[PDB]
Amino acid sequence: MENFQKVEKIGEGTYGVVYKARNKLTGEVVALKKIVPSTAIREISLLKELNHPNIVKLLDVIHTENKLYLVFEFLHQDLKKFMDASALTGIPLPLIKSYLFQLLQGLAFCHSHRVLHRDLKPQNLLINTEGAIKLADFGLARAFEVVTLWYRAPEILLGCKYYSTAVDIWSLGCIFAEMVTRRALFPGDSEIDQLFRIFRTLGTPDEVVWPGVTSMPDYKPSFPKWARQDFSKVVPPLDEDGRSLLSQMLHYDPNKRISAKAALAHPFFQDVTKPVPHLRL
Ligand SMILES: O=C(Nc1ccc(F)cc1)c1n[nH]cc1NC(=O)c1c(F)cccc1F
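For this entry, the PDB record names X-ray crystallography as the structure determination method and reports a resolution of 2.15 Å.

Next comes the structure, spelled out in structure tokens:
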């Protein structure tokens, strides 16, 4: 730690405390995350390689005195605070669209290298004054105070052990709908409550929409059978392009669910721009 001065506690991460810190030598301000098996060492080292404009840059990995610290480029806000701050009027749609597009870019990159996030949520989406948004804590999940289930894909909730990059698309779809409506899509407060909120909005899945569902580990023939709601009721006043895209990001069957790369080609992004957010630091 010596080479750093903790300027302040930024928050209580999943894997430990987060500090804003200044490199006593380089002068650079940074995010310092306190988290040791060699596997965790090997995973995090891979992470140093996947550099992308929409991934929070992992500056350094300090394994000293059998402790683990990750050093990340610092950004001044996350999407959760910005949403609360924009509750009154909502985030403008052009900004929502730009955030969605850049996030999809980040995902398409990670996914092309077979790296999933697994835990997307507005808290780990960081933004700057220049209109950029970045995925934070990418890959930390494989490598390793209630954790939110609100963005969890249903195949995870159903006990699927070998899930795909589709889980991140699902989470990002949930975040998309939340930006638009200013309300969490599926605010579950247990794994069953989470699952059943999903069922209530999208319909109880069956073998028609999701072949193999009924054979999943935690699936029960006894689940109530709810009817799917219509999306126009779910995310007004998102336009038809947005709704089409959202519906594809929220497909039950992970194999039907749109990829990040395919989502980038959707006509919703036909008119994408890069607006600057007004944020007060
Ligand atoms: O937290 C960060 N920035 C930030 C600063 C002030 C805020 F109000 C808000 C945000 C940050 N900058 N760079 C990386 C960061 N955070 C993470 O990587 C991170 C983490 F280590 C653990 C959990 C969530 C994270 F986003």
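Next comes the rest of the write-up.
Q: Looking at this model, I keep getting lost on the sheet that holds strand β5 (residues 67–73). Mind explaining?
A: Each strand in a sheet pairs with another by means of backbone hydrogen bonds, the pair being arranged parallel or else antiparallel. Taking strand neighbours across the sheet as the criterion, the 5 strands line up as β1-β2-β3-β5-β4 in an open arrangement whose pairing is antiparallel. Each having just a single partner strand, β1 (4–13) and β4 (58–64) make up the two edges of the open sheet. Sheet twist, expressed as the average angle between the axes of neighbouring strands with direction ignored, equals 25°. As paired elements, strand β2 (residues 16–23) and strand β3 (residues 29–34) share 5 bridges and run antiparallel to each other. Residue pairing across strands places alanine 21 opposite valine 30, the latter belonging to β3. Sheet strands in contact with helix α1 (residues 38–47) are β4 and β5, and its direction is about 160° off that of β4.

Q: Looking at this model, I keep getting lost on the UniProt feature "active site" in the protein chain. Mind explaining?
A: The feature "active site", as annotated in UniProt, sits at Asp119 in this numbering. Inspection of the secondary structure assignment puts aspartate 119 in the loop between α3 (93–112) and β7 (125–127). In this structure, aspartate 119 is in contact with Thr14, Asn124, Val147 and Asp168, ignoring residues within four places of it in sequence.

Q: Hey, could you run me through the site of the ligand in this one?
A: Close to the ligand lie 17 residues; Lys33, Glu73, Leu75, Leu126 and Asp137 are nearest. Within the contact set of the ligand, a nitrogen atom lies 2.5 Å away from a backbone nitrogen or oxygen of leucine 75. Computed on the free molecule, the ligand has an accessible area of 540 Å², of which 86% lies beneath the protein chains in the complex. Three or more residues apiece are contributed to the shell around the ligand by two domains, here domain 1 (1–76) and domain 2 (77–279).

Q: Looking at this structure, I do not really get the pairing of β2. What am I missing?
A: The element β2 is largely enclosed, with a buried count of 6 among its 8 residues. As paired strands, β1 and β2 are joined by 8 bridges and run antiparallel to one another. Each bridged residue has a counterpart across the sheet, and for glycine 11 the counterpart in β2 is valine 18. Between the end of β1 and the start of β2, which pair antiparallel, lie 2 residues. Once β2 ends, the chain turns through 5 residues before running back antiparallel as β3, passing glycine 27 with a positive phi of about 75°.

Q: Mind showing me how you'd approach the domain arrangement of the protein chain here?
A: Many authors give the size of an interface as the accessible area that is lost as the parts come together. Here the protein chain is partitioned into domain 1 (1–76) and domain 2 (77–279). Listed per partner, the contact involves 22 residues of domain 1 and 23 residues of domain 2. Carbon and sulfur atoms supply 67% of the area buried between domain 1 and domain 2, which totals about 2000 Å² over both sides. At the junction of domain 1 and domain 2, the tally comes to 2 salt bridges. For the salt bridge of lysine 134 with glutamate 73, the shortest nitrogen-to-oxygen distance reads 3.2 Å. Scanning the region where domain 1 abuts domain 2 turns up 8 residue pairs in polar contact. Those elements that provide at least two residues to the side of domain 1 that touches domain 2 are α1 and β5. Counting residues per element, the side of domain 1 that touches domain 2 draws most heavily on α1, at 5 residues. Here the residues of the side of domain 1 that touches domain 2 are counted per class, giving 14 nonpolar, 5 polar and 3 charged.

Thresholds, definitions, all that
- Residues numbered from 1 in each chain as written, not as in the entry; some residues may be left out.
- Heavy atoms only, no water.
- Pairing = 2+ DSSP bridges.
- Helix = DSSP H or I, 4+ residues; strand = E, 2+ residues; numbered from the N terminus.
- Axes fitted to C-alpha atoms, helices over the stretch in contact; angles between N-to-C directions.
- Contact = heavy atoms within 4.5 Å.
- UniProt positions renumbered as here; feature names shortened; annotations may be inferred.
- Near = heavy atom within 4 Å.
- Polar contact = N/O pair within 3.5 Å; in protein donor to acceptor, adjacent residues only side chain to side chain.
- Areas by Shrake-Rupley, 256 points an atom, 1.4 Å probe, with all protein chains shown as cover.
- Domains from an automatic or database assignment.
- Buried < 20%, exposed > 50% of the residue type's maximum accessible area, 1.4 Å probe, protein only.
- Buried area = accessible area lost by both parts, 1.4 Å probe.
- Salt bridge = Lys/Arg side-chain N within 4 Å of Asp/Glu carboxyl O.
- Nonpolar A, V, L, I, M, F, W, Y, C, P; charged D, E, K, R; others polar.

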